[PDB]
Number of protein chains: 2
Amino acid sequence: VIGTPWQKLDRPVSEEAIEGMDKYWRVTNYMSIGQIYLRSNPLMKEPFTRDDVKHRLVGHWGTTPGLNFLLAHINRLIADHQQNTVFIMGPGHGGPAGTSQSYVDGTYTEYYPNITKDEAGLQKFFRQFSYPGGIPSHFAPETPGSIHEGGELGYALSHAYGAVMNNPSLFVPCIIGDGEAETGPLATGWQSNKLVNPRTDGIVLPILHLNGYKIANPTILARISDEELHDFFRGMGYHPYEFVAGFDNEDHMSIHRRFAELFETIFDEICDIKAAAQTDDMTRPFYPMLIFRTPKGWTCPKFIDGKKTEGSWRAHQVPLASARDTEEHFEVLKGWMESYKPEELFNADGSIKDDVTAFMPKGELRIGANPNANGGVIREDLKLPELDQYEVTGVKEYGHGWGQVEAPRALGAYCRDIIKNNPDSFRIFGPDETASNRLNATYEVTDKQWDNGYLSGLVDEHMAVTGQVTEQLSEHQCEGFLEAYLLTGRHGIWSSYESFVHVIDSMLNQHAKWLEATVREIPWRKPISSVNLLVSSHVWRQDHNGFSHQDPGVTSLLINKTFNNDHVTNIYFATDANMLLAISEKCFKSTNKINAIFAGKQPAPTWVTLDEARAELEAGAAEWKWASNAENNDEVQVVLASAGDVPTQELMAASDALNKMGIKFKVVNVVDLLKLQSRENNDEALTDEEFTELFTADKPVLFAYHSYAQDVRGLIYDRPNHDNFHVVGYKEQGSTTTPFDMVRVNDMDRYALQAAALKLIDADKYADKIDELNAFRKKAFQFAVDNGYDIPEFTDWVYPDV
Amino acid sequence: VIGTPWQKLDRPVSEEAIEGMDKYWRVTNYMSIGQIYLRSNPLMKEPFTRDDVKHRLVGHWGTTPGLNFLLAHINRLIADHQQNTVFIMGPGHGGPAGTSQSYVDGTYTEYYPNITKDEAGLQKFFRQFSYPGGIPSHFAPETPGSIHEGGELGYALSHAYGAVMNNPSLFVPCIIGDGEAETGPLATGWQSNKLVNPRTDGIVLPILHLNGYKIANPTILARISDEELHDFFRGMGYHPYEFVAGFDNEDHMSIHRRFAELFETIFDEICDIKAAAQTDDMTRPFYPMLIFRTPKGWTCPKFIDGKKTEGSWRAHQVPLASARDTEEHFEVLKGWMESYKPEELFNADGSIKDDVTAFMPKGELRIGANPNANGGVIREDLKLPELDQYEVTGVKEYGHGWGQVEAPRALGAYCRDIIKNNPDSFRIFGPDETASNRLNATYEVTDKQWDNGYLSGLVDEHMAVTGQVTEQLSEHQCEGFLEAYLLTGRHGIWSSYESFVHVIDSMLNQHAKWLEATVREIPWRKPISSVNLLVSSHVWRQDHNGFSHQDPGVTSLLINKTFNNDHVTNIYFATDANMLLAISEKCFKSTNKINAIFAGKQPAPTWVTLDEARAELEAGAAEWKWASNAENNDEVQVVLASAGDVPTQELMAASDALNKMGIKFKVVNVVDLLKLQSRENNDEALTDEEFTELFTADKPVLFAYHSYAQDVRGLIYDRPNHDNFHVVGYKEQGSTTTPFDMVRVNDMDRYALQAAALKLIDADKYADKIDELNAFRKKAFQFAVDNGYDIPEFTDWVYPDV
Ligand SMILES: Cc1ncc(C[n+]2csc(CCOP(=O)(O)OP(=O)(O)O)c2C)c(N)n1
Ligand SMILES: Cc1ncc(C[n+]2csc(CCOP(=O)(O)OP(=O)(O)O)c2C)c(N)n1
Ligand SMILES: [Mg+2]
Ligand SMILES: [Mg+2]
Ligand code: NA
């Protein structure tokens, strides 16, 4: 247990804590200006001149003094209440407030010992910000206290609410840009309070950083009427509180005492909710939220060159951009930095004075030290059930190609038992598609968590106020809740229709960037559990939905996060349920990855046994020798290779026909796609030797790919024999139609694959046969048009091993 | 002018209009069930049996009777008020309601003459729905009345509000799923009423289709308290009205008269707002919105096999899934279809009776006929200013490589004059980045439109209640507002930081799917203006922001919409301002495309004159003969090729050094990326002959690519000489650092490009020189680390032609 959660003070905030927070706000504003502007002379010691100013002024002042004021007060709250706390910096461009926080709390020098608490360390700390060889301008993963960089805005609320799930002792003050609140993902993030339980989850306090402006415009929420702004928050289930300061001549000590009093009223309401939830965990409370309305750039010069800067969008990035180049801007910078009175905040040796930090929390309650902001320190491996009990044993009993299993059901049973063994640390998220993607075996041991109105057992099923599955129709919510659930040390999986994974392409990009920077250079940030995404209800079988639902291209996005032997991204094609089991175990043991797990939810054959899946998964691609009919590679006339459930079923039927014609081939199944890349691009890929053993040195290779052929063409560009591959993939053809027609129109059906194999072997010899196969594809299409189902010769085919 | 806009009735709705709407609702519910369930016998004529039921039951009933009821009432409104109207079907899976609407209004048989108004046409209409060789299950572009398919949910509101911009006569009732309202893009779409003006724009009426459920869960908005739901809408600037029906035994005629009365009160409020805005166009009104709370699946069987189906998520997809297979489900289907009393709705010949449609609008006011739902019928070409006045004439006057122009400023001036010449039909959208991306020359002739609070001329600049630029910090809003502005017949452009274009990858996928289906098979849907996106503030120069802002990969997404010689997608690399001008003119003349226009906003050289840009753009890739030093292709030792402003600047400096060494090369610039694909993949690409003329038949090619190398490797896989290309691209390296360091760490700097050229020519001979160049890259990096700016030898370089 960290601290003493949800305790009220029952005395006023002390005057010493008020004095300490004003000194914090002054020193963190002074050091944030020093990080943006100074390359030397951090204490302005004689002579202080333009030569001490950076030659490239980069970074963002406007948000920063607001964040520094909130951080003084959240620090005071943590210390006085001993409250386990992680904050979220929505305006992540306020990086200097997050680095200043960790430098004051002492974690900065603990994690970066060269950056010491004295004049030399402070000089290094100022220069390194947003500087070559230095550190980022945002609240990046290399800053203690960060689980959210806030560069791509929108995800502050889903991260906050995912951090509190199953974390009943944790408070998260979530600071949200008022410009960020104009994004789609932030606007739906406020609704998450219908999806957490005040007994079994922790508490988010949204703090809208309503400083009036974004980069070059006012914000929508700051300029609507105050009545509308409070109705809006009350309508989303909050009790809004509003604080306004800095627009008049109120002295800063008075401002701190009024804010401390308000924050204590808010925290007491949060403690009342937490106490009441011990008894009534079914009534959803109106959780507090705070509208914090202060001038953008607060405390900077009111006008610069005749233009209003404090209280304007003009304060967003770098005011005084000529500070190194003109004596006029320099004297303004000098007066601005002097206004914080640093001679009162630092000792002669350059260390921040004890009276500046006496009010701060200590130990693991410090924002920079709390293990929830470095969740791999808390993470334990999952207690996994043995995988063999889930195996589809039909392949062993009856043969390769057996049955009509819906593959994700085996993963549903495996996840049900992972939840039973890990009942508060593994969650499932889905955008109203957990049952549609066939993971509903999980409801045998838990419920979908819904903290909103119930009506009747005739409609509400598998649903309760606490539970380990969460659904909302928003891929941004599912991906963001899971990312923070992992960042805080826990585990989970989500599923999405494949075409709609694209809604969250950019969130995958950012969490991959967070992993890239972590595995490269932040070894104190310990490994977290991977993002596991079941990508299902895929392009080949959108029977009720059609063309808008046909887009497997998240493969191509994921390929753009495969560099530097970081190994943070995996793309897996589950050939059947036993392959899906073997991939899922590997994913659930893995850390520091995004694992995209492709699997079809339609009834489909099972190709391999579980032991076979385990071996083939490790290599990444495998010959299926029981399907190949060639003696050796030299007798091969064509290599039949596939990745994906439906391309594999059509390739296997093509193999059956080609065997019956007397054609010699081998069959290669591909599961771990990036293992096709060269070793020069991927030091864990097949070697050239192993790749040539599979694909041959010089025989044609027909490759039936689940996604866009471009992916495979690009990945194998420097591989031996790559000129001999013919990659057939989805090609933006399809609608609501029958299973055969959907593969027919992308030349992926068994008949077109058999024709393409013959064209690669001898197009002249097999010209008539290729025409007969193309005519059969037309007869089977007319059959579907006339009859309303596919030709039995297509539907009824079973691999002959069965 | 269409109809008589914004007119009140000042009499009650007639009883004949009530009788007509109930007959519409019955016939459209009956035909929607017929589209999902029947392959023959649409009038249930003796014998009606299981053999008339489809063998594959696909499609979605639950939303559909709600939409059919709203469409009866919107049709009655249009006819009685003569109101120019386009609706939006947010729950686009209710396709059978949109096809039934067009079949009743008569547009279906006008556009599809085989689908006649009689028993044979009705049989064909039932069978073809969601059927092989037939039509989609959603409200696809091939349905008259659609500008929004609604397959990927979320975009109903941004499309509605973009359709009304500069369309002051147009009413848009926007029907929004209550599950769809849980998405990010829909949640921020409600805020668009701060961005339209009630005098100069038209009026959206949001209608929340609050049927209680999504696929397998209740919805957040249906289960929060009613007080919260109305506070929420009032807080977002609406006057909420709520209608509840179908949960008790109220007869349907009574329901229609109560709804007609409410819809008239709402429409009168909208007419009051429109009249008042003629005089006061600065006070933002509280626009009506309608909460429409009815049971999901309304009018279907209350229980099926003991499970509650009407008023449940169970009604979402296909109830009675055994209708063909068991006599029990069949008799339920038979009784359900009989309950609409089709013998009263159709004549003996199968035509819908006159008394069913006498209340409907006629002519171009019909939902299926209105030209705003087929905007290419209204679209006129833009009146474009002559391009030569914008040319950067420095290349002609002083030489190739001249100056420090910020390229988008030339496009800003060109757009300013396009707005002046087309003052109500060309808009700019940006997510608070129009000025940051250097398009603010537009504010010389218009303002950013902001219909929300003003405070002071010291902060509000270039901003007014009417104007032709729109900014909100949401890429979903900008892309959705523009898509509908184009779909309704107008023109425009938006700009985004490159990394964040990814937020709307999935919207690009869907608008490309809408274009694919239109150019393939819907020739009555006339060409619309293209989506033009300036992709700027790119990966090489995110000086204030860093690694989260470094992701040029929308190239790779766009490559997955390049099939079938549809030619709906273009990827352009603007080498400099004159190239950007030539690309922008081509884009602004183009139709039926998505044009992604890559350009850097940093000060940069200008390489080509405007006439040169015009020629080179047409071919797609061009030799720069003034930069090449080789006699002919056979004397070339390496081809130096680049795509993108910064790769081109570094390649040109590498060319200068290589010339000075005595190395023979040629320089090829690539602007129209997909023109590198083979003709077999793209019938408008360079031919093999033209491609070999540029890249040689067998010399090494060093290709400095702006984005991820994978893209170029995949596109050239079947091109002559492709094995000799070495593609250098971004590789997930970088942070907030200097311009040289950012290209250094991706091996893109001039020194690494010169080294790679030497390694391709003779790695043994030039081993020492390659070491010297790699050491210089380390000295220039240490220089930046020590001094805080790049080495003058790097920054001060100018191509020697200048
Ligand atoms: C998704 C996304 N779109 C665009 C941007 C570009 N951008 C960086 S800061 C910023 C304005 C942020 O304004 P606000 O949230 O109000 O922050 P503050 O005023 O506290 O600086 C924008 C538009 C972004 N970072 N993320
Ligand atoms: C962005 C997105 N995510 C997921 C889906 C999958 N899906 C199709 S319908 C649907 C439920 C829609 O519920 P609602 O909007 O309430 O529509 P209605 O109840 O009127 O059928 C979902 C989850 C989708 N179509 N779009
Ligand atoms: Mg702001
Ligand atoms: Mg619904
Ligand atoms: Na090759």
# chains A, B, ... in the order shown; residues from 1 in each chain; ligands from 1

call {"tool": "select_by_dssp", "arguments": {"residues": "segment 583-785 of chain B", "states": "helix (DSSP H, G or I)", "output": "MDAnalysis selection string"}}
result
chainID B and resid 583:589 610:619 645:660 673:676 688:695 709:715 722:724 739:744 750:762 767:785

call {"tool": "residues_around", "arguments": {"residues": "residue 562 of chain A", "least_positions_apart": "6", "cutoff": "9 Å", "atoms": "only C-alpha atoms", "output": "PyMOL selection string"}}
result
(chain A and resi 568-570+674+681-682) or (chain B and resi 731-732)

call {"tool": "write_last_selection", "arguments": {"atoms": "N, CA, C and O atoms", "output": "PDB file, in the first residue's frame"}}
result
ATOM      1  N   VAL A 568      10.544  -3.627 -31.236  1.00  0.00           N
ATOM      2  CA  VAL A 568       9.306  -3.285 -30.425  1.00  0.00           C
ATOM      3  C   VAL A 568       7.990  -3.648 -31.106  1.00  0.00           C
ATOM      4  O   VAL A 568       6.952  -3.406 -30.533  1.00  0.00           O
ATOM      5  N   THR A 569       8.013  -4.107 -32.392  1.00  0.00           N
ATOM      6  CA  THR A 569       6.772  -4.344 -33.114  1.00  0.00           C
ATOM      7  C   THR A 569       6.762  -5.758 -33.685  1.00  0.00           C
ATOM      8  O   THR A 569       7.814  -6.136 -34.316  1.00  0.00           O
ATOM      9  N   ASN A 570       5.673  -6.463 -33.533  1.00  0.00           N
ATOM     10  CA  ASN A 570       5.497  -7.793 -34.154  1.00  0.00           C
ATOM     11  C   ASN A 570       4.177  -7.851 -34.891  1.00  0.00           C
ATOM     12  O   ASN A 570       3.133  -7.411 -34.343  1.00  0.00           O
ATOM     13  N   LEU A 674       7.850 -10.235 -40.014  1.00  0.00           N
ATOM     14  CA  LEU A 674       9.046  -9.430 -40.188  1.00  0.00           C
ATOM     15  C   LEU A 674      10.361 -10.353 -40.223  1.00  0.00           C
ATOM     16  O   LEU A 674      11.432  -9.774 -40.489  1.00  0.00           O
ATOM     17  N   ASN A 681      18.527  -5.792 -41.938  1.00  0.00           N
ATOM     18  CA  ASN A 681      17.354  -4.929 -41.418  1.00  0.00           C
ATOM     19  C   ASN A 681      16.806  -5.415 -40.146  1.00  0.00           C
ATOM     20  O   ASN A 681      16.071  -4.623 -39.433  1.00  0.00           O
ATOM     21  N   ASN A 682      17.003  -6.654 -39.804  1.00  0.00           N
ATOM     22  CA  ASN A 682      16.438  -7.278 -38.615  1.00  0.00           C
ATOM     23  C   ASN A 682      17.293  -8.435 -38.147  1.00  0.00           C
ATOM     24  O   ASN A 682      17.161  -9.609 -38.625  1.00  0.00           O
TER      25      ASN A 682
ATOM     26  N   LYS B 731      14.250   6.661 -40.599  1.00  0.00           N
ATOM     27  CA  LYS B 731      14.370   5.410 -39.945  1.00  0.00           C
ATOM     28  C   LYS B 731      14.202   5.532 -38.433  1.00  0.00           C
ATOM     29  O   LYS B 731      14.836   4.753 -37.609  1.00  0.00           O
ATOM     30  N   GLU B 732      13.217   6.367 -38.090  1.00  0.00           N
ATOM     31  CA  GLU B 732      12.801   6.420 -36.618  1.00  0.00           C
ATOM     32  C   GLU B 732      13.973   6.842 -35.757  1.00  0.00           C
ATOM     33  O   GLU B 732      14.199   6.291 -34.743  1.00  0.00           O
TER      34      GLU B 732
END

call {"tool": "residues_near_ligand", "arguments": {"ligand": "ligand 3", "cutoff": "10 Å", "atoms": "only C-alpha atoms and all ligand atoms", "output": "ChimeraX atom specification"}}
result
/A:62-63,66,91,176-181,208-215,217-219,221-222,293-297,312-313,316

call {"tool": "write_last_selection", "arguments": {"atoms": "N, CA, C and O atoms", "output": "CSV table (one decimal), in the first residue's frame"}}
result
chain,number,residue,atom,x,y,z
A,62,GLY,N,4.1,28.9,-23.0
A,62,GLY,CA,2.8,29.4,-22.6
A,62,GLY,C,2.1,28.5,-21.6
A,62,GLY,O,1.6,29.1,-20.5
A,63,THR,N,2.1,27.2,-21.8
A,63,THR,CA,1.4,26.3,-20.8
A,63,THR,C,2.1,26.3,-19.5
A,63,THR,O,1.5,26.0,-18.4
A,66,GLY,N,1.4,27.7,-15.8
A,66,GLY,CA,0.1,27.0,-15.3
A,66,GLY,C,0.4,25.7,-14.8
A,66,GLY,O,0.0,25.3,-13.7
A,91,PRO,N,-0.8,18.8,-21.9
A,91,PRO,CA,0.0,19.7,-22.7
A,91,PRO,C,1.5,19.4,-22.6
A,91,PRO,O,2.2,20.0,-21.8
A,176,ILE,N,-5.4,18.9,-18.7
A,176,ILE,CA,-5.9,18.7,-20.1
A,176,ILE,C,-5.8,20.1,-20.7
A,176,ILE,O,-6.3,21.1,-20.2
A,177,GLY,N,-5.1,20.1,-21.9
A,177,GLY,CA,-5.1,21.4,-22.6
A,177,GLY,C,-6.5,21.8,-23.1
A,177,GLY,O,-7.3,21.0,-23.4
A,178,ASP,N,-6.8,23.1,-23.1
A,178,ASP,CA,-8.1,23.5,-23.6
A,178,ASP,C,-8.2,23.4,-25.1
A,178,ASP,O,-9.2,23.1,-25.7
A,179,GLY,N,-7.0,23.5,-25.8
A,179,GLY,CA,-6.9,23.2,-27.2
A,179,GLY,C,-7.0,21.7,-27.4
A,179,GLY,O,-7.8,21.2,-28.2
A,180,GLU,N,-6.3,20.9,-26.6
A,180,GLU,CA,-6.4,19.4,-26.6
A,180,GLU,C,-7.9,19.0,-26.5
A,180,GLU,O,-8.3,18.0,-27.1
A,181,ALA,N,-8.7,19.7,-25.6
A,181,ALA,CA,-10.1,19.3,-25.5
A,181,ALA,C,-11.0,19.5,-26.7
A,181,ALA,O,-12.0,18.9,-26.8
A,208,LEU,N,-9.0,21.0,-16.3
A,208,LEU,CA,-9.0,21.6,-17.6
A,208,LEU,C,-8.1,22.9,-17.5
A,208,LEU,O,-8.4,23.8,-16.7
A,209,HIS,N,-7.0,22.9,-18.3
A,209,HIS,CA,-6.0,23.9,-18.2
A,209,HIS,C,-6.6,25.0,-19.1
A,209,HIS,O,-6.2,25.2,-20.3
A,210,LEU,N,-7.5,25.8,-18.6
A,210,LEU,CA,-8.3,26.7,-19.5
A,210,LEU,C,-7.6,28.0,-19.5
A,210,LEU,O,-8.1,29.1,-19.0
A,211,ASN,N,-6.5,28.0,-20.2
A,211,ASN,CA,-5.7,29.3,-20.3
A,211,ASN,C,-6.1,30.2,-21.5
A,211,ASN,O,-5.4,31.2,-21.8
A,212,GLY,N,-7.2,29.8,-22.2
A,212,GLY,CA,-7.9,30.7,-23.1
A,212,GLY,C,-7.5,30.5,-24.6
A,212,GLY,O,-8.2,31.0,-25.4
A,213,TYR,N,-6.4,29.8,-24.8
A,213,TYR,CA,-5.8,29.8,-26.1
A,213,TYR,C,-5.1,28.5,-26.4
A,213,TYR,O,-4.7,27.7,-25.5
A,214,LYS,N,-4.9,28.3,-27.7
A,214,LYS,CA,-4.1,27.1,-28.3
A,214,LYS,C,-2.9,27.9,-29.0
A,214,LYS,O,-2.3,28.9,-28.4
A,215,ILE,N,-2.5,27.4,-30.2
A,215,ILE,CA,-1.3,28.1,-30.7
A,215,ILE,C,-1.5,29.5,-31.3
A,215,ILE,O,-0.8,30.4,-31.0
A,217,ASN,N,-5.1,30.7,-31.7
A,217,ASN,CA,-6.5,30.9,-31.7
A,217,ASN,C,-6.9,30.8,-30.2
A,217,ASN,O,-6.2,30.2,-29.4
A,218,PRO,N,-8.1,31.5,-29.9
A,218,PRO,CA,-8.6,31.2,-28.6
A,218,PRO,C,-9.2,29.7,-28.7
A,218,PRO,O,-9.2,29.1,-29.8
A,219,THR,N,-9.6,29.2,-27.5
A,219,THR,CA,-10.2,27.8,-27.5
A,219,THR,C,-11.7,27.9,-27.4
A,219,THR,O,-12.3,28.8,-26.8
A,221,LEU,N,-13.7,26.0,-25.5
A,221,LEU,CA,-14.2,25.9,-24.2
A,221,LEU,C,-13.9,27.2,-23.4
A,221,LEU,O,-14.7,27.5,-22.4
A,222,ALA,N,-13.0,28.1,-23.7
A,222,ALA,CA,-12.7,29.2,-22.9
A,222,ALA,C,-13.7,30.3,-23.3
A,222,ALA,O,-13.9,31.3,-22.5
A,293,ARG,N,-8.8,28.5,-14.7
A,293,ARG,CA,-8.8,29.5,-15.8
A,293,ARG,C,-7.8,30.6,-15.3
A,293,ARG,O,-8.0,31.3,-14.3
A,294,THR,N,-6.7,30.6,-16.0
A,294,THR,CA,-5.5,31.5,-15.7
A,294,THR,C,-4.9,32.0,-17.0
A,294,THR,O,-5.3,31.5,-18.1
A,295,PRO,N,-4.1,33.0,-17.0
A,295,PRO,CA,-3.7,33.7,-18.3
A,295,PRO,C,-2.6,32.8,-18.9
A,295,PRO,O,-1.6,32.4,-18.2
A,296,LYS,N,-2.7,32.5,-20.2
A,296,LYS,CA,-1.6,31.8,-20.9
A,296,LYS,C,-0.3,32.5,-20.7
A,296,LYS,O,-0.2,33.8,-20.9
A,297,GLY,N,0.7,31.8,-20.4
A,297,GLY,CA,2.0,32.5,-20.2
A,297,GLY,C,2.2,33.2,-18.9
A,297,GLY,O,3.2,33.9,-18.7
A,312,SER,N,-2.3,35.6,-23.9
A,312,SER,CA,-2.5,35.5,-25.4
A,312,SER,C,-1.9,34.2,-25.9
A,312,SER,O,-1.0,33.6,-25.3
A,313,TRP,N,-2.4,33.8,-27.1
A,313,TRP,CA,-1.8,32.7,-27.9
A,313,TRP,C,-0.3,33.1,-28.2
A,313,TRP,O,0.5,32.2,-28.4
A,316,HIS,N,2.5,31.2,-26.6
A,316,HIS,CA,2.5,29.7,-26.8
A,316,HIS,C,3.9,29.0,-26.8
A,316,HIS,O,4.2,28.1,-26.1

call {"tool": "residues_near_ligand", "arguments": {"ligand": "ligand 5", "cutoff": "7 Å", "atoms": "only C-alpha atoms and all ligand atoms", "output": "count of residues only"}}
result
6

call {"tool": "residues_around", "arguments": {"residues": "segment 613-629 of chain A", "least_positions_apart": "6", "cutoff": "10 Å", "atoms": "only C-alpha atoms", "output": "ChimeraX atom specification"}}
result
/A:400,572-583,585-586,607,635-636,639-643,652,655-656,658-659,662-676,684-686,690-691,693-695,799-801

call {"tool": "closest_atom_pairs", "arguments": {"of": "chain A", "to": "ligand 2", "cutoff": "8 Å", "atoms": "only C-alpha atoms and all ligand atoms", "output": "tab-separated table"}}
result
residue	atom	partner	partner_atom_place_in_ligand_line	distance
A:431	CA	ligand 2	4 (C)	6.1
A:432	CA	ligand 2	23 (C)	5.0
A:433	CA	ligand 2	23 (C)	6.3
A:473	CA	ligand 2	23 (C)	5.5
A:474	CA	ligand 2	3 (N)	6.3
A:475	CA	ligand 2	3 (N)	6.7
A:496	CA	ligand 2	4 (C)	7.6
A:497	CA	ligand 2	4 (C)	7.0
A:500	CA	ligand 2	3 (N)	5.8
A:503	CA	ligand 2	1 (C)	6.8
A:549	CA	ligand 2	25 (N)	7.8

call {"tool": "write_last_selection", "arguments": {"atoms": "N, CA and C atoms", "output": "PDB file, in the first residue's frame"}}
result
ATOM      1  N   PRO A 431     -14.179  -2.426 -28.608  1.00  0.00           N
ATOM      2  CA  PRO A 431     -15.077  -1.313 -28.969  1.00  0.00           C
ATOM      3  C   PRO A 431     -16.432  -1.901 -29.372  1.00  0.00           C
ATOM      4  N   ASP A 432     -17.136  -2.508 -28.398  1.00  0.00           N
ATOM      5  CA  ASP A 432     -18.456  -3.132 -28.562  1.00  0.00           C
ATOM      6  C   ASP A 432     -18.295  -4.357 -29.510  1.00  0.00           C
ATOM      7  N   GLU A 433     -17.131  -5.028 -29.407  1.00  0.00           N
ATOM      8  CA  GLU A 433     -16.882  -6.124 -30.362  1.00  0.00           C
ATOM      9  C   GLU A 433     -16.230  -7.329 -29.658  1.00  0.00           C
ATOM     10  N   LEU A 473     -17.763   2.140 -27.578  1.00  0.00           N
ATOM     11  CA  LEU A 473     -17.594   2.170 -29.070  1.00  0.00           C
ATOM     12  C   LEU A 473     -16.627   3.315 -29.331  1.00  0.00           C
ATOM     13  N   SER A 474     -15.304   3.051 -29.109  1.00  0.00           N
ATOM     14  CA  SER A 474     -14.268   4.060 -29.421  1.00  0.00           C
ATOM     15  C   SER A 474     -12.920   3.312 -29.372  1.00  0.00           C
ATOM     16  N   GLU A 475     -12.327   3.136 -30.554  1.00  0.00           N
ATOM     17  CA  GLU A 475     -10.982   2.540 -30.534  1.00  0.00           C
ATOM     18  C   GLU A 475      -9.967   3.415 -29.756  1.00  0.00           C
ATOM     19  N   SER A 496     -10.171  -5.739 -32.244  1.00  0.00           N
ATOM     20  CA  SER A 496     -10.901  -4.752 -33.111  1.00  0.00           C
ATOM     21  C   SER A 496     -11.174  -5.402 -34.454  1.00  0.00           C
ATOM     22  N   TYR A 497     -12.303  -5.074 -35.064  1.00  0.00           N
ATOM     23  CA  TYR A 497     -12.396  -5.304 -36.523  1.00  0.00           C
ATOM     24  C   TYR A 497     -11.170  -4.686 -37.173  1.00  0.00           C
ATOM     25  N   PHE A 500     -10.986  -1.101 -38.828  1.00  0.00           N
ATOM     26  CA  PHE A 500     -11.069   0.002 -37.892  1.00  0.00           C
ATOM     27  C   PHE A 500      -9.929   0.139 -36.913  1.00  0.00           C
ATOM     28  N   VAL A 503      -8.391   3.521 -37.083  1.00  0.00           N
ATOM     29  CA  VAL A 503      -8.786   4.725 -36.268  1.00  0.00           C
ATOM     30  C   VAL A 503      -7.664   5.115 -35.315  1.00  0.00           C
ATOM     31  N   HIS A 549     -15.423  -1.989 -44.525  1.00  0.00           N
ATOM     32  CA  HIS A 549     -14.928  -2.847 -43.457  1.00  0.00           C
ATOM     33  C   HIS A 549     -13.741  -3.720 -44.031  1.00  0.00           C
TER      34      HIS A 549
END

call {"tool": "closest_residue", "arguments": {"among": "A:317, A:116, A:29, A:146", "to": "ligand 1", "atoms": "only C-alpha atoms and all ligand atoms"}}
result
A:317

call {"tool": "atom_distance", "arguments": {"atom1": "atom CA of residue 273 of chain A", "atom2": "atom CA of residue 260 of chain A"}}
result
19.8 Å

call {"tool": "closest_residue", "arguments": {"among": "B:421, B:542, B:75, B:510", "to": "ligand 1", "atoms": "only C-alpha atoms and all ligand atoms"}}
result
B:542

call {"tool": "residues_around", "arguments": {"residues": "segment 550-554 of chain B", "least_positions_apart": "6", "cutoff": "6 Å", "atoms": "only C-alpha atoms", "output": "PyMOL selection string"}}
result
chain B and resi 498-499+539+707

call {"tool": "closest_residue", "arguments": {"among": "B:369, B:384, B:599, B:220", "to": "chain A", "atoms": "only C-alpha atoms"}}
result
B:220

call {"tool": "residues_around", "arguments": {"residues": "residue 303 of chain B", "least_positions_apart": "4", "cutoff": "12 Å", "atoms": "only C-alpha atoms", "output": "MDAnalysis selection string"}}
result
(chainID A and resid 458:459) or (chainID B and resid 297 299 307:312 314:315 319:320 329 332 336)

call {"tool": "closest_residue", "arguments": {"among": "B:67, B:661, B:517, B:140", "to": "ligand 4", "atoms": "only C-alpha atoms and all ligand atoms"}}
result
B:67

call {"tool": "select_by_dssp", "arguments": {"residues": "segment 181-329 of chain B", "states": "strand (DSSP E or B)", "output": "list in words"}}
result
residues 203, 204, 205, 206, 207, 208, 209, 213, 218, 238, 239, 240, 241, 242, 243, 244, 287, 288, 289, 290, 291, 292, 293, 303, 304, 307 and 308 of chain B

call {"tool": "atom_distance", "arguments": {"atom1": "atom CA of residue 36 of chain B", "atom2": "atom CA of residue 56 of chain B"}}
result
9.3 Å

call {"tool": "residues_around", "arguments": {"residues": "segment 345-349 of chain A", "least_positions_apart": "2", "cutoff": "8 Å", "atoms": "only C-alpha atoms", "output": "list in words"}}
result
residues 23, 27, 118, 119, 341, 342, 343, 351, 352, 353 and 356 of chain A
